[PDB]
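Close look at the chain arrangement
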Amino acid sequence: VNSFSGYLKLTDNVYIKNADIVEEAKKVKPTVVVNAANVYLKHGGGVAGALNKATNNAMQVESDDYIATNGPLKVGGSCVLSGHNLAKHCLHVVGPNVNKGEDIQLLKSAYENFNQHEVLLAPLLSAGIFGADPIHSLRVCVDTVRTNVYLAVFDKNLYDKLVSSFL
Ligand SMILES: CC(=O)Nc1nc(C)c(S(=O)(=O)Nc2ccc(C)c(C#N)c2)s1
């Protein structure tokens, strides 16, 4: 039993809710919140910009030190950093950004990072400003992640379409 509330169960291990991931993180304080990161951990907009704003920019400060030490992530890769006031940990996962021409097949590799964590609160990777089809992202999530994933979808219209079209 965990503290996630109001989710629709899609599969044995995948759950979905219309929710603001920031507000959901602040309420659940999950062990792991997933950020929709880029390789530079520049958290300017989308989910990343919102998560970082909720940490009063502490996420960005920590991230800049990480990059200065380690260099950029790979597309499809991840790193674990602090969850600040939102979660114990933040798993920064880089899905491909279609608006940069990145290979959509890297989306499966990105979701594989979730399997290193037993339970996660997450957005749909490569959705939103990353330019992929969120229905495709949900399909890859379900077909790749084996651990327990609680997906937060900000847009109510999108949420209804994702549920109604789910096979
Ligand atoms: C303040 C605010 O926007 N909070 C949000 N929480 C969620 C779950 C969304 S989402 O449903 O649009 N998913 C989503 C997924 C991936 C990206 C890159 C983007 C972008 N950009 C968005 S937005």
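Residues numbered from 1 in each chain as written, not as in the entry; some residues may be left out. Heavy atoms only, no water.

For this deposition, the record names X-ray crystallography as the technique by which the model was determined and cites 1.1500 Å as its resolution.

Our next topic: the pairing of strand β2 (residues 14-18). Looking along a regular strand, one sees the side chains alternate between the two faces of the sheet. Burial of β2 is extensive: four of the five residues sit out of reach of the surface. Pairing between strand β1 (residues 8-9) and β2: two bridges, direction antiparallel. Opposite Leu8, over in β2, you have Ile16 as the bridge partner. Between β1 and β2, which pair antiparallel in sequence order, lie four residues. (Buried < 20%, exposed > 50% of the residue type's maximum accessible area, 1.4 Å probe, protein only. Helix = DSSP H or I, 4+ residues; strand = E, 2+ residues; numbered from the N terminus. Pairing = 2+ DSSP bridges.)

Looking now at the environment of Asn99. For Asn99, the location among the structural elements is in the loop between β5 (89-93) and α4 (106-112). Distance in space between the C-alpha atoms of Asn99 and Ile129 is 8.0 Å, their sequence separation being 30 residues. Those residues in contact with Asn99, other than ones at most four positions away along the chain, are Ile129, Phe130 and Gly131. Polar side-chain contacts of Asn99 include one of 2.9 Å to the backbone oxygen of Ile129. (Contact = heavy atoms within 4.5 Å. Polar contact = N/O pair within 3.5 Å; in protein donor to acceptor, adjacent residues only side chain to side chain.)

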